[PDB]
Amino acid sequence: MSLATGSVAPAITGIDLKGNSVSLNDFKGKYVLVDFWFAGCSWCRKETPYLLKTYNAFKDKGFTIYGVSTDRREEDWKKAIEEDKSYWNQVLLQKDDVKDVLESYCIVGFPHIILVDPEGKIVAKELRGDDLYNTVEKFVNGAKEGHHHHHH
């Protein structure tokens, strides 16, 4: 396929709540959940709760949800964050950046969720519902700790 599990993902250029251009490399030290969404997308608004739980539970473990939105307005992007109550790293995709980013990810449809590792590679994707949480938990949570004393 165009993209594959383990392939390096391009850098996204999204504007933060203040107005700074934040890239993917700036969070390139955690498992980055790249969510492609916008206020006009019906299904993204449905999986918001799952992402919200996932972000708050894994942010400290070593994970971060990078929500990329590029709706009609910045005001509406801000509005959508208030609507969804989606408290995570939301970025406003620059209208030109959208073109490259969406295309290059082999993206011609929405929604779409990909799991990027700290090395910026798409480890997994198409994670659905609570499974996106469960899959991050599946990998990072435990069973690789080793319990070197006996329990820890």
# chains A, B, ... in the order shown; residues from 1 in each chain; ligands from 1
call {"tool": "select_by_dssp", "arguments": {"residues": "chain A", "states": "alpha helix (DSSP H)", "output": "ChimeraX atom specification"}}
result
/A:44-58,74-84,95-104,131-136
call {"tool": "select_by_dssp", "arguments": {"residues": "region 37-129 of chain A", "states": "strand (DSSP E)", "output": "list in words"}}
result
residues 37, 63, 64, 65, 66, 67, 68, 69, 89, 90, 91, 92, 93, 112, 113, 114, 115, 116, 121, 122, 123, 124 and 125 of chain A
call {"tool": "write_last_selection", "arguments": {"atoms": "N, CA, C and O atoms", "output": "JSON list (two decimals), in the first residue's frame"}}
result
[["chain", "number", "residue", "atom", "x", "y", "z"],
["A", 37, "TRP", "N", -9.82, 15.15, 11.99],
["A", 37, "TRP", "CA", -11.21, 15.48, 12.29],
["A", 37, "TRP", "C", -11.54, 16.92, 11.91],
["A", 37, "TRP", "O", -10.67, 17.71, 11.54],
["A", 63, "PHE", "N", 2.22, 8.88, 25.85],
["A", 63, "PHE", "CA", 1.33, 8.93, 24.71],
["A", 63, "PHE", "C", 0.72, 10.32, 24.61],
["A", 63, "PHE", "O", 0.58, 11.02, 25.61],
["A", 64, "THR", "N", 0.39, 10.73, 23.40],
["A", 64, "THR", "CA", -0.23, 12.02, 23.17],
["A", 64, "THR", "C", -1.11, 11.98, 21.93],
["A", 64, "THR", "O", -0.71, 11.47, 20.89],
["A", 65, "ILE", "N", -2.32, 12.50, 22.06],
["A", 65, "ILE", "CA", -3.24, 12.57, 20.93],
["A", 65, "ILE", "C", -3.09, 13.90, 20.22],
["A", 65, "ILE", "O", -3.31, 14.96, 20.80],
["A", 66, "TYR", "N", -2.70, 13.83, 18.96],
["A", 66, "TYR", "CA", -2.50, 15.00, 18.14],
["A", 66, "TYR", "C", -3.70, 15.15, 17.21],
["A", 66, "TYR", "O", -3.76, 14.53, 16.15],
["A", 67, "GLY", "N", -4.66, 15.95, 17.64],
["A", 67, "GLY", "CA", -5.89, 16.10, 16.89],
["A", 67, "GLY", "C", -5.79, 17.17, 15.84],
["A", 67, "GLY", "O", -5.69, 18.36, 16.16],
["A", 68, "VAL", "N", -5.81, 16.77, 14.58],
["A", 68, "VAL", "CA", -5.65, 17.71, 13.49],
["A", 68, "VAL", "C", -6.99, 18.07, 12.88],
["A", 68, "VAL", "O", -7.71, 17.23, 12.34],
["A", 69, "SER", "N", -7.35, 19.34, 12.99],
["A", 69, "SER", "CA", -8.60, 19.83, 12.45],
["A", 69, "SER", "C", -8.36, 21.04, 11.58],
["A", 69, "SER", "O", -7.47, 21.84, 11.85],
["A", 89, "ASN", "N", -4.24, 17.83, 22.62],
["A", 89, "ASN", "CA", -3.44, 18.64, 21.71],
["A", 89, "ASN", "C", -4.12, 18.79, 20.36],
["A", 89, "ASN", "O", -3.87, 18.03, 19.43],
["A", 90, "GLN", "N", -5.02, 19.76, 20.30],
["A", 90, "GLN", "CA", -5.72, 20.09, 19.07],
["A", 90, "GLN", "C", -4.92, 21.12, 18.29],
["A", 90, "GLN", "O", -4.41, 22.08, 18.88],
["A", 91, "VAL", "N", -4.81, 20.93, 16.99],
["A", 91, "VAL", "CA", -4.12, 21.89, 16.14],
["A", 91, "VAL", "C", -4.95, 22.24, 14.92],
["A", 91, "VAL", "O", -5.64, 21.38, 14.35],
["A", 92, "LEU", "N", -4.91, 23.50, 14.54],
["A", 92, "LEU", "CA", -5.60, 23.97, 13.35],
["A", 92, "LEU", "C", -4.69, 23.82, 12.14],
["A", 92, "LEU", "O", -3.68, 24.50, 12.02],
["A", 93, "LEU", "N", -5.06, 22.90, 11.27],
["A", 93, "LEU", "CA", -4.28, 22.63, 10.08],
["A", 93, "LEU", "C", -4.31, 23.82, 9.14],
["A", 93, "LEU", "O", -5.39, 24.29, 8.75],
["A", 112, "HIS", "N", -10.29, 9.26, 10.21],
["A", 112, "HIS", "CA", -9.13, 8.39, 10.12],
["A", 112, "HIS", "C", -8.23, 8.57, 11.33],
["A", 112, "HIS", "O", -7.89, 9.69, 11.70],
["A", 113, "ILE", "N", -7.84, 7.45, 11.94],
["A", 113, "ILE", "CA", -7.00, 7.48, 13.13],
["A", 113, "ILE", "C", -5.76, 6.61, 12.93],
["A", 113, "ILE", "O", -5.86, 5.46, 12.49],
["A", 114, "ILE", "N", -4.59, 7.16, 13.24],
["A", 114, "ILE", "CA", -3.34, 6.43, 13.13],
["A", 114, "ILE", "C", -2.53, 6.53, 14.42],
["A", 114, "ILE", "O", -2.55, 7.56, 15.09],
["A", 115, "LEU", "N", -1.82, 5.46, 14.75],
["A", 115, "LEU", "CA", -0.99, 5.43, 15.94],
["A", 115, "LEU", "C", 0.48, 5.53, 15.54],
["A", 115, "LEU", "O", 1.04, 4.62, 14.93],
["A", 116, "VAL", "N", 1.08, 6.66, 15.86],
["A", 116, "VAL", "CA", 2.47, 6.92, 15.52],
["A", 116, "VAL", "C", 3.36, 6.76, 16.76],
["A", 116, "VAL", "O", 3.01, 7.21, 17.84],
["A", 121, "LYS", "N", 6.76, 6.85, 13.24],
["A", 121, "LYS", "CA", 6.34, 5.82, 12.32],
["A", 121, "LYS", "C", 4.94, 5.34, 12.67],
["A", 121, "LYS", "O", 4.59, 5.23, 13.85],
["A", 122, "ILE", "N", 4.14, 5.07, 11.65],
["A", 122, "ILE", "CA", 2.78, 4.61, 11.85],
["A", 122, "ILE", "C", 2.78, 3.14, 12.23],
["A", 122, "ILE", "O", 2.85, 2.26, 11.37],
["A", 123, "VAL", "N", 2.74, 2.87, 13.53],
["A", 123, "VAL", "CA", 2.82, 1.52, 14.04],
["A", 123, "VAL", "C", 1.52, 0.77, 13.78],
["A", 123, "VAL", "O", 1.52, -0.39, 13.38],
["A", 124, "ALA", "N", 0.41, 1.46, 14.00],
["A", 124, "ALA", "CA", -0.91, 0.89, 13.79],
["A", 124, "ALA", "C", -1.86, 1.96, 13.31],
["A", 124, "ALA", "O", -1.54, 3.15, 13.37],
["A", 125, "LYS", "N", -3.03, 1.56, 12.82],
["A", 125, "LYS", "CA", -4.01, 2.51, 12.34],
["A", 125, "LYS", "C", -5.39, 1.87, 12.24],
["A", 125, "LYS", "O", -5.52, 0.66, 12.42]]
call {"tool": "atom_distance", "arguments": {"atom1": "CA of residue 11 (chain A)", "atom2": "CA of residue 24 (chain A)"}}
result
5.1 Å
call {"tool": "residues_around", "arguments": {"residues": "residue 120 (chain A)", "least_positions_apart": "6", "cutoff": "10 Å", "atoms": "only C-alpha atoms", "output": "list in words"}}
result
residues 6, 7, 8, 9, 10, 11, 24, 25, 27, 28, 29, 30, 31 and 32 of chain A
call {"tool": "residues_around", "arguments": {"residues": "residue 22 (chain A)", "least_positions_apart": "5", "cutoff": "6 Å", "atoms": "only C-alpha atoms", "output": "list in words"}}
result
residues 13, 14 and 15 of chain A
call {"tool": "write_last_selection", "arguments": {"atoms": "N, CA and C atoms", "output": "PDB file, in the first residue's frame"}}
result
ATOM      1  N   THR A  13       1.756  20.370  10.217  1.00  0.00           N
ATOM      2  CA  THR A  13       1.947  21.737  10.671  1.00  0.00           C
ATOM      3  C   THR A  13       0.614  22.349  11.104  1.00  0.00           C
ATOM      4  N   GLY A  14       0.324  22.266  12.392  1.00  0.00           N
ATOM      5  CA  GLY A  14      -0.936  22.766  12.896  1.00  0.00           C
ATOM      6  C   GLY A  14      -0.757  23.915  13.863  1.00  0.00           C
ATOM      7  N   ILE A  15      -1.680  24.857  13.827  1.00  0.00           N
ATOM      8  CA  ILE A  15      -1.636  26.014  14.704  1.00  0.00           C
ATOM      9  C   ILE A  15      -2.337  25.711  16.026  1.00  0.00           C
TER      10      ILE A  15
END
call {"tool": "closest_residue", "arguments": {"among": "A:49, A:70, A:78, A:17", "to": "residue 97 (chain A)", "atoms": "only C-alpha atoms"}}
result
A:70
call {"tool": "atom_distance", "arguments": {"atom1": "CA of residue 111 (chain A)", "atom2": "CA of residue 72 (chain A)"}}
result
16.6 Å
call {"tool": "atom_distance", "arguments": {"atom1": "CA of residue 131 (chain A)", "atom2": "CA of residue 54 (chain A)"}}
result
9.8 Å
call {"tool": "decode", "arguments": {"residues": "region 15-119 of chain A", "atoms": "C-alpha atoms", "output": "PDB file, in the first residue's frame"}}
result
ATOM      1  CA  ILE A  15      -1.636  26.014  14.704  1.00  0.00           C
ATOM      2  CA  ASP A  16      -2.244  25.766  18.458  1.00  0.00           C
ATOM      3  CA  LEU A  17      -4.925  27.516  20.517  1.00  0.00           C
ATOM      4  CA  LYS A  18      -2.712  30.598  20.818  1.00  0.00           C
ATOM      5  CA  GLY A  19      -1.583  30.826  17.218  1.00  0.00           C
ATOM      6  CA  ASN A  20       1.779  29.056  17.169  1.00  0.00           C
ATOM      7  CA  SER A  21       2.753  26.656  14.402  1.00  0.00           C
ATOM      8  CA  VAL A  22       3.233  23.300  16.120  1.00  0.00           C
ATOM      9  CA  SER A  23       4.624  20.342  14.206  1.00  0.00           C
ATOM     10  CA  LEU A  24       4.624  16.566  14.720  1.00  0.00           C
ATOM     11  CA  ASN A  25       8.319  16.606  15.681  1.00  0.00           C
ATOM     12  CA  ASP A  26       7.511  18.767  18.712  1.00  0.00           C
ATOM     13  CA  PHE A  27       5.721  15.783  20.257  1.00  0.00           C
ATOM     14  CA  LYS A  28       8.151  13.288  18.751  1.00  0.00           C
ATOM     15  CA  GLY A  29       8.936  11.652  22.083  1.00  0.00           C
ATOM     16  CA  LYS A  30       5.700   9.838  22.833  1.00  0.00           C
ATOM     17  CA  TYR A  31       3.160   7.640  21.101  1.00  0.00           C
ATOM     18  CA  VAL A  32       1.323  10.151  18.958  1.00  0.00           C
ATOM     19  CA  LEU A  33      -2.278   9.394  18.087  1.00  0.00           C
ATOM     20  CA  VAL A  34      -2.945  11.405  14.949  1.00  0.00           C
ATOM     21  CA  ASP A  35      -6.660  12.061  14.623  1.00  0.00           C
ATOM     22  CA  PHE A  36      -8.005  13.623  11.455  1.00  0.00           C
ATOM     23  CA  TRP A  37     -11.206  15.484  12.293  1.00  0.00           C
ATOM     24  CA  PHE A  38     -13.337  18.570  11.791  1.00  0.00           C
ATOM     25  CA  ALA A  39     -16.643  19.955  13.088  1.00  0.00           C
ATOM     26  CA  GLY A  40     -18.482  18.870   9.955  1.00  0.00           C
ATOM     27  CA  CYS A  41     -17.432  15.259  10.488  1.00  0.00           C
ATOM     28  CA  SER A  42     -20.291  13.404  12.153  1.00  0.00           C
ATOM     29  CA  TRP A  43     -18.393  10.297  13.289  1.00  0.00           C
ATOM     30  CA  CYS A  44     -15.404  12.125  14.808  1.00  0.00           C
ATOM     31  CA  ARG A  45     -17.863  13.718  17.242  1.00  0.00           C
ATOM     32  CA  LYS A  46     -18.896  10.177  18.204  1.00  0.00           C
ATOM     33  CA  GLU A  47     -15.440   8.875  19.090  1.00  0.00           C
ATOM     34  CA  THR A  48     -14.476  12.056  20.956  1.00  0.00           C
ATOM     35  CA  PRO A  49     -15.290  10.436  24.399  1.00  0.00           C
ATOM     36  CA  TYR A  50     -12.970   7.500  23.677  1.00  0.00           C
ATOM     37  CA  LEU A  51     -10.123   9.778  22.597  1.00  0.00           C
ATOM     38  CA  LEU A  52     -10.713  11.965  25.657  1.00  0.00           C
ATOM     39  CA  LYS A  53     -10.315   8.995  28.001  1.00  0.00           C
ATOM     40  CA  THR A  54      -7.331   7.694  26.045  1.00  0.00           C
ATOM     41  CA  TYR A  55      -5.470  11.001  26.090  1.00  0.00           C
ATOM     42  CA  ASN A  56      -5.945  11.639  29.804  1.00  0.00           C
ATOM     43  CA  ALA A  57      -4.963   8.083  30.752  1.00  0.00           C
ATOM     44  CA  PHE A  58      -1.934   7.630  28.485  1.00  0.00           C
ATOM     45  CA  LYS A  59      -0.550  11.184  28.311  1.00  0.00           C
ATOM     46  CA  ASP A  60       1.639  10.536  31.346  1.00  0.00           C
ATOM     47  CA  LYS A  61       2.495   6.944  30.399  1.00  0.00           C
ATOM     48  CA  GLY A  62       4.075   8.090  27.153  1.00  0.00           C
ATOM     49  CA  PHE A  63       1.327   8.927  24.715  1.00  0.00           C
ATOM     50  CA  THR A  64      -0.227  12.023  23.171  1.00  0.00           C
ATOM     51  CA  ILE A  65      -3.236  12.567  20.931  1.00  0.00           C
ATOM     52  CA  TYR A  66      -2.501  15.001  18.142  1.00  0.00           C
ATOM     53  CA  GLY A  67      -5.894  16.097  16.890  1.00  0.00           C
ATOM     54  CA  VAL A  68      -5.646  17.705  13.493  1.00  0.00           C
ATOM     55  CA  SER A  69      -8.604  19.826  12.446  1.00  0.00           C
ATOM     56  CA  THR A  70      -8.991  22.295   9.615  1.00  0.00           C
ATOM     57  CA  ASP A  71     -12.636  23.348   9.607  1.00  0.00           C
ATOM     58  CA  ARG A  72     -14.111  26.466   7.982  1.00  0.00           C
ATOM     59  CA  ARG A  73     -12.841  28.869  10.630  1.00  0.00           C
ATOM     60  CA  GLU A  74     -10.434  29.006  13.554  1.00  0.00           C
ATOM     61  CA  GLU A  75     -13.322  30.305  15.622  1.00  0.00           C
ATOM     62  CA  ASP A  76     -15.285  27.195  14.664  1.00  0.00           C
ATOM     63  CA  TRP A  77     -12.281  25.019  15.479  1.00  0.00           C
ATOM     64  CA  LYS A  78     -12.165  26.711  18.903  1.00  0.00           C
ATOM     65  CA  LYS A  79     -15.947  26.295  19.051  1.00  0.00           C
ATOM     66  CA  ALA A  80     -15.706  22.598  18.187  1.00  0.00           C
ATOM     67  CA  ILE A  81     -13.236  22.056  21.026  1.00  0.00           C
ATOM     68  CA  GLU A  82     -15.797  23.632  23.358  1.00  0.00           C
ATOM     69  CA  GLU A  83     -18.599  21.579  21.773  1.00  0.00           C
ATOM     70  CA  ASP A  84     -16.785  18.232  21.945  1.00  0.00           C
ATOM     71  CA  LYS A  85     -14.949  19.156  25.146  1.00  0.00           C
ATOM     72  CA  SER A  86     -12.007  17.502  23.469  1.00  0.00           C
ATOM     73  CA  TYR A  87      -9.252  18.403  25.907  1.00  0.00           C
ATOM     74  CA  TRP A  88      -6.057  17.365  24.143  1.00  0.00           C
ATOM     75  CA  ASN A  89      -3.437  18.637  21.715  1.00  0.00           C
ATOM     76  CA  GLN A  90      -5.719  20.085  19.065  1.00  0.00           C
ATOM     77  CA  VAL A  91      -4.116  21.888  16.143  1.00  0.00           C
ATOM     78  CA  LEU A  92      -5.598  23.969  13.352  1.00  0.00           C
ATOM     79  CA  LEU A  93      -4.281  22.634  10.082  1.00  0.00           C
ATOM     80  CA  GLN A  94      -3.018  25.388   7.823  1.00  0.00           C
ATOM     81  CA  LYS A  95      -5.107  25.397   4.679  1.00  0.00           C
ATOM     82  CA  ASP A  96      -2.105  24.576   2.486  1.00  0.00           C
ATOM     83  CA  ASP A  97      -0.635  22.096   4.973  1.00  0.00           C
ATOM     84  CA  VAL A  98      -3.952  20.230   4.818  1.00  0.00           C
ATOM     85  CA  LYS A  99      -3.415  19.562   1.120  1.00  0.00           C
ATOM     86  CA  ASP A 100      -0.027  17.884   1.553  1.00  0.00           C
ATOM     87  CA  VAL A 101      -0.728  16.147   4.866  1.00  0.00           C
ATOM     88  CA  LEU A 102      -4.074  14.632   3.871  1.00  0.00           C
ATOM     89  CA  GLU A 103      -2.933  13.531   0.429  1.00  0.00           C
ATOM     90  CA  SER A 104       0.436  12.089   1.506  1.00  0.00           C
ATOM     91  CA  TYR A 105      -1.205   9.965   4.230  1.00  0.00           C
ATOM     92  CA  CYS A 106      -3.129   8.376   1.343  1.00  0.00           C
ATOM     93  CA  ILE A 107      -6.147  10.210   2.718  1.00  0.00           C
ATOM     94  CA  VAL A 108      -9.200  10.983   0.609  1.00  0.00           C
ATOM     95  CA  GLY A 109     -11.811  10.258   3.264  1.00  0.00           C
ATOM     96  CA  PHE A 110     -12.762  10.809   6.905  1.00  0.00           C
ATOM     97  CA  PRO A 111     -12.545   9.996   9.668  1.00  0.00           C
ATOM     98  CA  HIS A 112      -9.134   8.388  10.118  1.00  0.00           C
ATOM     99  CA  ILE A 113      -7.001   7.479  13.132  1.00  0.00           C
ATOM    100  CA  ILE A 114      -3.336   6.427  13.127  1.00  0.00           C
ATOM    101  CA  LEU A 115      -0.989   5.426  15.942  1.00  0.00           C
ATOM    102  CA  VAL A 116       2.474   6.917  15.524  1.00  0.00           C
ATOM    103  CA  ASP A 117       5.446   5.931  17.697  1.00  0.00           C
ATOM    104  CA  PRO A 118       8.033   8.473  19.074  1.00  0.00           C
ATOM    105  CA  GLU A 119      10.180   7.719  16.011  1.00  0.00           C
TER     106      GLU A 119
END
